[PDB]
RNA sequence: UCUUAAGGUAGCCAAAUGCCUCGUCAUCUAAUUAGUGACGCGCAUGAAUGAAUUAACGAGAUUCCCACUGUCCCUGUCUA
RNA sequence: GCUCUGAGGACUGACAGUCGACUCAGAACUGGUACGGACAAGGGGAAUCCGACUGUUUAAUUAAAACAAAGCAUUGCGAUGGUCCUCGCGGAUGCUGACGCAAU
RNA sequence: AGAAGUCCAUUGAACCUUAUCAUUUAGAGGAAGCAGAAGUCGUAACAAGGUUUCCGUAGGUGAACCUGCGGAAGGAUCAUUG
RNA sequence: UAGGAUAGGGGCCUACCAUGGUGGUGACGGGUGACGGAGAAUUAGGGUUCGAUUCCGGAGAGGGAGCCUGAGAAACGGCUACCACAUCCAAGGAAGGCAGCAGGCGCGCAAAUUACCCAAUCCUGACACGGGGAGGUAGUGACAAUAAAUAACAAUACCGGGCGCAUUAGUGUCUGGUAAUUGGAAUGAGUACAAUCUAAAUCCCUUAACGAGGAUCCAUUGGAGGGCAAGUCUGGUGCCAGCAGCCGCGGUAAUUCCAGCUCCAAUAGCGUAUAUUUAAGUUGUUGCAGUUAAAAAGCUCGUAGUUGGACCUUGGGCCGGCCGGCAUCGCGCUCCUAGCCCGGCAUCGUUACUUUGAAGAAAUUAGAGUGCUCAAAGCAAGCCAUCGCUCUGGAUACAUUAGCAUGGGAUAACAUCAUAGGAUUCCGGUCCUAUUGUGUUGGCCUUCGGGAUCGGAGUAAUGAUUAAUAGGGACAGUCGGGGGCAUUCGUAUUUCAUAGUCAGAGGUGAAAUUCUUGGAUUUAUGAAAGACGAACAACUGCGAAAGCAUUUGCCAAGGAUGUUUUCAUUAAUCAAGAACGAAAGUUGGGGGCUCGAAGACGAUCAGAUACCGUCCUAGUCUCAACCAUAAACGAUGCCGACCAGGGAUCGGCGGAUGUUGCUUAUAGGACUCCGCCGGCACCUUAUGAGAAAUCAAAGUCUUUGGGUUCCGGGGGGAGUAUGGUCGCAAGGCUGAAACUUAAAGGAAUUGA
Ligand SMILES: [Mg+2]
Ligand SMILES: [Mg+2]
Ligand SMILES: [Mg+2]
Ligand SMILES: [Mg+2]
Ligand SMILES: [Mg+2]
Ligand SMILES: [Mg+2]
Ligand SMILES: [Mg+2]
Ligand SMILES: [Mg+2]
Ligand SMILES: [Mg+2]
Ligand SMILES: [Mg+2]
Ligand SMILES: [Mg+2]
Ligand SMILES: [Mg+2]
Ligand SMILES: [Mg+2]
Ligand SMILES: [Mg+2]
Ligand SMILES: [Mg+2]
Ligand SMILES: [Mg+2]
Ligand SMILES: [Mg+2]
Ligand SMILES: [Mg+2]
Ligand SMILES: [Mg+2]
Ligand SMILES: [Mg+2]
Ligand SMILES: [Mg+2]
Ligand SMILES: [Mg+2]
Ligand SMILES: [Mg+2]
Ligand SMILES: [Mg+2]
Ligand SMILES: [Mg+2]
Ligand SMILES: [Mg+2]
Ligand SMILES: [Mg+2]
Ligand SMILES: [Mg+2]
Ligand SMILES: [Mg+2]
Ligand SMILES: [Mg+2]
Ligand SMILES: [Mg+2]
Ligand SMILES: [Mg+2]
Ligand SMILES: [Mg+2]
Ligand SMILES: [Mg+2]
Ligand SMILES: [Mg+2]
Ligand SMILES: [Mg+2]
Ligand SMILES: [Mg+2]
Ligand SMILES: [Mg+2]
Ligand SMILES: [Mg+2]
Ligand SMILES: [Mg+2]
Ligand SMILES: [Mg+2]
Ligand SMILES: [Mg+2]
Ligand SMILES: [Mg+2]
Ligand SMILES: [Mg+2]
Ligand SMILES: [Mg+2]
Ligand SMILES: [Mg+2]
Ligand SMILES: [Mg+2]
Ligand SMILES: [Mg+2]
Ligand SMILES: [Mg+2]
Ligand SMILES: [Mg+2]
Ligand SMILES: [Mg+2]
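Residue numbers (the deposited numbering), protein chains in the order written: chain ga, 2 to 139; chain pa, 2 to 151; chain va, 2 to 129.
Next up, the structure:
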């Protein structure tokens with residue numbers, strides 16, 4: 002079991018240090034790969050739309066989830082990005098400037114959408130919610 | 002338990018309560034010093050000395066008769082073991098094992114036993130060298146081991 | 002090996018949780034006798050007879066079945082007279098009874114005595 | 001399905017073995033029938049007729065690169 | 001190149017006397033930056049193909065990727081025998097013997 | 001006293017050749033994993049899954065797999081005083 | 001060491017000499033999206049993450065390098081040179097450095113003014129006096145924090161429950177709501193004379209006349225299946241669009257989509273996104289888990305690490321109301337503190353622990369006081385006859401460690417009196433300094449003071465804790481299919497040979513390939529070869545695990561038991577390191593019986609590369625050398641303690657009569673009864689544990705701590721890529737990430 006000796010402080014600190022790595026979240030934060038991810042440790046990331054594509058939905062559902070392949074201007078990555086709402090995709094257009102936010106679940110794909118981690122919240126610097134709710138149109 | 006096998010037995014000697022010698026032991030402590038020195042000068046180690054007193058001359062315990070242990074009598078008269086008893090016996094054992102093993106190169110269980118005996122020699126020698134009963138650089142040389150014993 | 006004051010405390014716990022009347026403890030110590038004295042003085046066991054023939058020693062305690070638990074915190078910590086008070090909550094059933102037995106330079110003695118005399122020590126164990 | 005005594009297995013390759021042939025792709029190049037790495041329906045590779053590799057070696061065959069130079073641009077001149 | 005410094009020993013009576021041909025470090029000064037000053041004296045690297053290497057080979061056009069090679073394998077033979085020579089009588093391996101002779 | 005110049009030093013940027021370390025990125029082809037879709041072929045496994053299952057190692061086969069030598073039961077036996 | 005240089009120590013540098021310094025307690029190197037700290041968030045405790053930032057310390061001025069002036073600079077709002085960048089040019093040259101304030105480009109998810117002022121705080125100058133983009137003020141400011149509007153009160157009214165009776169009424173009491181209902185009240189948001197504020201303006205705090213009819217002076221953000229509080233509303237859409245953080249909704253009756261009404265939650269805020277803390281006892285020191293779910297190394301030895309048995313007086317007390325002070329059977333005091341001969345005094349082991357104290361930068365944190373209106377704050381402020389000033393405050397706490405000091409001396413290390421070189425009041429010898437008798441400086445010396453050495457007499461209780469239900473070692477009789485070398489033996493199988501006899505035999509559910517009148521199978525006899533050691537053989541022994549069965553001998557070892565033997569802590573577990581490690585496998589000799597991966601055939605089959613059968617290679621066996629893995633299993637590391645019952649059985653031992661197909665009689669040996677150890681187990685039971693199956697050890701765990709090692713953190717990817725390293729090779733040891741996914745898995749229950 003445990004080493005409870007009084008002079009084994011070194012042994013127990015070293016043990017916890019080596020074993021803190023078999024925890025996934027710690028390894029993910031202290032291994033550095035968030036800085037090889039597309040945002041590279043960013044909250045949002047602005048980019049340009051290359052084409053509105055549309056991707057199928059996983060087996061229990063059945064749909065065409067309307068996504069847009071965008072390119073990130075901070076680091077040159079290309080990704081997919083959902084356009085969340087009914088009909089709201091049309092406001093997006095090819096080579097419009099869009100802010101790619103997180104789509105939820107903390108960097109892991111969400112819902113029935115295969116291989117999408119990113120949502121579009123702004124296009125041409127105008128709130129995508131604002132165009133959905135006709136508050137302020139681009 | 003037993004250090005180099007998983008035996009866990011508890012057989013041993015249990016010394017009687019009365020530290021004072023029993024009545025019929027009227028032995029004269031000078032005469033038992035003579036007896037110890039005669040048996041030691043006869044070439045013999047303290048274990049056999051104690052056996053002979055217990056069995057032949059009816060001395061229950063040397064420390065009950067004299068108050069002085071066998072080794073400390075022998076040290077006082079300068080007949081002590083130049084190599085301490087049990088280390089002597091372990092070296093004799095390992096010399097015997099190795100003399101057999103140089104003729105039987107394919108006796109692997111005795112390779113294991115010799116590794117155990119030399120492990121035991123080295124632990125006991127480390128103790129004796131911290132207690133200053135052996136020279137501080139006395140080292141069990143397997144090559145020059147056969148002379149020091151038997 | 003041995004770390005007695007455990008060979009003994011878990012022996013009394015086993016014996017009392019079963020309901021035995023007299024338990025015998027194969028090793029003894031100044032710590033053993035001074036510990037059992039704290040239990041008896043606080044009124045948790047009755048008398049006990051220390052067989053000291055000529056060897057390590059032996060004890061036989063005569064239980065009242067009024068003790069509920071006793072434990073040794075081997076890994077004997079250190080203990081100032083301010084964190085008396087966050088062990089007394091940490092180990093004990095409540096703020097009312099139960100005692101932590103801390104060796105102190107005024108001999109082995111429990112935690113309320115330790116606070117009154119304003120000394121710290123090293124926790125040996127506890128009982129409640 | 002016909003057929004054989006057995007239907008070329010492990011590997012290997014336009015190889016000193018590939019007619020087609022200057023094969024197709026990549027690299028080397030400003031430009032490459034050359035070289036190398038691949039691909040293999042292999043005219044006609046293939047297992048002591050030995051297969052595939054392989055450090056060291058080599059007055060052995062080839063290819064690129066650095067320094068070097070009258071080899072050349074492009075000839076001149078001196079000596080026996 | 002020149003002038004030096006230092007280290008490295010022998011013999012005779014931890015020091016003194018005498019002797020010692022050579023090697024190795026370092027510094028100064030100096031020159032038309034010349035110093036292995038004549039001579040003597042490896043060009044180097046990245047890869048392929050072949051043969052393992054050393055060795056031998058067509059004297060007088062082929063020096064090799066060819067042959068030999070160690071290594072591996074196969075075959076025959078126990079003496080009244082195997083391989084071979086002789087016209088014959090006989091002989092080689094054999095002053096040998098299977099860890100041997102012989103044939104690939 | 002003193003400037004230009006100059007000398008021998010010391011610090012020394014900066015450029016250049018080579019080696020080397022690290023972080024990215026190209027590559028014909030080779031070969032992994034994942035996921036999708038309404039595909040082809042089989043029946044390996046779960047019942048004694050119709051050859052009990054599986055573990056080490058060796059070889060072979062379109063693929064699952066098979067077979068040998070050894071092990072186990074997580075076996076289909078807690079049992080021969082019948 | 002000698003020196004140089006510096007303000008100065010110093011390999012800071014030089015010359016010479018030496019070869020050292022550091023490292024499993026992690027050196028060196030590598031990463032850091034790393035300036036350090038005070039501190040920030042979260043916090044039951046423990047902790048986890050963060051710290052560019054206004055306070056302190058350091059560093060830097062585009063990158064480096066070098067300098068002058070000066071007390072102070074290797075200074076950049078100073079210079080010199082180079083590199084990058086760039087400006088003016090009359091074409092020669094010259095001038096540069098916003099990580100100062102403001103601003104512009106660019107980068108980016110992401111950050112205000114090219115404003116005013118020295119009036120406050122402080123600095124600076126030759127200085128009451130100038131300057132201060134330090135600093136303060138005004139402007140943008142939903143970074144965060146505070147207080148806090150958007151209505152209140154009434155009776156009428158269709159009503160709606162008691163209560164006036166409750167009956168049978170009816171209306172009636174807190175006013176509950178739909179009331180643009182009806183009504184007079186109140187007010188600030190806003191506007192505005194002013195005043196005050198201000199360095200000048202401005203915000204605020206005050207306030208003249210304005211400033212309310214619920215449409216307006218209008219409150220939103222997210223939802224209404226569950227988690228999660230709130231629609232079995234109404235239309236559209238039809239597995240489409242879409243929602244949905246997860247589960248899921250949507251395929252024509254959608255509470256989930258899209259919308260209207262209604263409702264809910266928070267409300268001047270609320271969601272989304274990433275990082276991070278809690279949840280998370282899913283990082284577990286407090287506090288996890290390893291039989292079967294992820295996970296005990298194959299096994300043992302082992303160095304450092306960690307951990308370590310018992311014992312040594314504060315044992316009885318007077319004392320005065322926890323202690324002062326006190327005696328016994330308190331090794332000394334000459335010196336300070338030193339009593340009306342006297343407590344309580346120095347130097348002749350270290351620490352760790354704890355107590356008290358010092359010293360601890362402020363801001364922060366807690367916390368006191370105080371009516372800024374409260375508040376977040378702030379460090380103010382309060383009464384006088386609120387008339388010529390009184391009372392003042394501006395506390396305290398913490399501060400983990402390291403360091404300094406006093407007292408405690410249980411607990412635990414380190415250290416160490418058996419060779420006595422030990423302790424002890426004394427005596428003089430080896431030799432030296434010198435003071436008051438050197439009134440001066442002093443200086444060798446007579447009894448004298450002190451080293452240091454030094455011999456002998458003296459005394460003392462003369463100086464070593466027991467022998468662990470720890471360990472080693474010894475001796476005795478045993479025990480074992482433990483090991484090695486040699487060795488006898490057994491039938492059987494194969495082939496052979498000899499002899500007989502004649503149509504089959506081998507194989508299967510069935511066949512054939514195969515052997516067979518060159519006599520197969522079958523019978524007996526003999527030989528040869530090489531493997532295997534039946535039955536006895538077990539819920540049995542030995543072994544560290546792997547494993548180990550014919551006989552006898554030799555060789556060496558081993559547990560247990562027995563012991564009034566010895567030593568005395570010598571011990572436990574163990575990163576590095578080391579031995580053994582089944583089968584298969586690899587290299588090379590020996591052998592080549594049986595079996596047999598590969599391979600070939602014969603059947604089966606849709607196929608059959610397999611199951612079945614026949615032939616058969618390597619292999620199977622021995623030796624020499626490797627390999628280093630197994631479901632290497634008890635899927636249960638090792639040492640130790642306690643806890644429940646019983647009979648079996650193996651080994652040893654002790655005690656009992658009662659008979660031997662034994663024995664010169666007893667003893668012994670075989671058997672029976674009882675009891676101790678020590679094994680492998682086994683059976684019933686919870687009073688226990690657990691997810692349970694199950695477990696008497698997997699128990700003595702939320703009432704959680706005996707020690708120690710290894711190891712797991714969802715499932716895959718994957719024991720894969722790479723790097724290293726051992727190996728001839730197969731391989732072994734070490735060993736990720738991307739990306740994928742919402743389950744994978746365990747135990748038991750019903751069914752099928
Ligand atoms: Mg799903
Ligand atoms: Mg051990
Ligand atoms: Mg024991
Ligand atoms: Mg082929
Ligand atoms: Mg051919
Ligand atoms: Mg070809
Ligand atoms: Mg060319
Ligand atoms: Mg090619
Ligand atoms: Mg061919
Ligand atoms: Mg050929
Ligand atoms: Mg050549
Ligand atoms: Mg050659
Ligand atoms: Mg040569
Ligand atoms: Mg020729
Ligand atoms: Mg030639
Ligand atoms: Mg002949
Ligand atoms: Mg199947
Ligand atoms: Mg099967
Ligand atoms: Mg099965
Ligand atoms: Mg097969
Ligand atoms: Mg087969
Ligand atoms: Mg000096
Ligand atoms: Mg940085
Ligand atoms: Mg600062
Ligand atoms: Mg800059
Ligand atoms: Mg500076
Ligand atoms: Mg500077
Ligand atoms: Mg500036
Ligand atoms: Mg600025
Ligand atoms: Mg909605
Ligand atoms: Mg809705
Ligand atoms: Mg809900
Ligand atoms: Mg609800
Ligand atoms: Mg949402
Ligand atoms: Mg919903
Ligand atoms: Mg986790
Ligand atoms: Mg987690
Ligand atoms: Mg867990
Ligand atoms: Mg498991
Ligand atoms: Mg150790
Ligand atoms: Mg016959
Ligand atoms: Mg047996
Ligand atoms: Mg037998
Ligand atoms: Mg393993
Ligand atoms: Mg295992
Ligand atoms: Mg195990
Ligand atoms: Mg018995
Ligand atoms: Mg028994
Ligand atoms: Mg995992
Ligand atoms: Mg499983
Ligand atoms: Mg199940």
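Cβ atoms here follow ideal geometry from the backbone N, Cα and C, with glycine treated the same way.
Through-space distance from residue j to residue i, alpha-carbon basis
i	j	result
residue 58 of chain va	residue 2 of chain pa	21 Å
residue 1 of chain ga	residue 32 of chain ga	In this structure chain ga extends from 2 to 139, so residue 1 of chain ga is not present and cannot be described.
residue 132 of chain pa	residue 93 of chain pa	22 Å
residue 74 of chain pa	residue 30 of chain pa	11 Å
residue 129 of chain va	residue 86 of chain va	16 Å
residue 104 of chain ga	residue 129 of chain ga	14 Å
residue 98 of chain va	residue 10 of chain ga	33 Å
residue 82 of chain pa	residue 47 of chain pa	9 Å
residue 21 of chain va	residue 63 of chain va	9 Å
Where the alpha helix (DSSP H) through residue i begins and ends
i	result
residue 97 of chain pa	86-102
residue 12 of chain va	10-19
residue 153 of chain pa	Missing from the structure shown is residue 153 of chain pa; chain pa here goes from 2 to 151 and no further.
residue 35 of chain pa	30-42
residue 72 of chain pa	71-77
Under the three-state DSSP convention, the category residue i falls into
i	result
residue 29 of chain va	coil
residue 134 of chain ga	coil
residue 127 of chain ga	strand
residue 50 of chain ga	strand
residue 5 of chain va	coil
residue 66 of chain pa	helix
The beta strand (DSSP E) enclosing residue i, as first and last residue numbers
i	result
residue 126 of chain va	123-128
residue 70 of chain ga	68-73
residue 52 of chain pa	Residue 52 of chain pa -> not in any beta strand (DSSP E); alpha helix (DSSP H) instead, spanning 47-56.
Quick one: complete alpha helix (DSSP H) runs, 4+ long, within the segment 44-113 of chain va? 86-92
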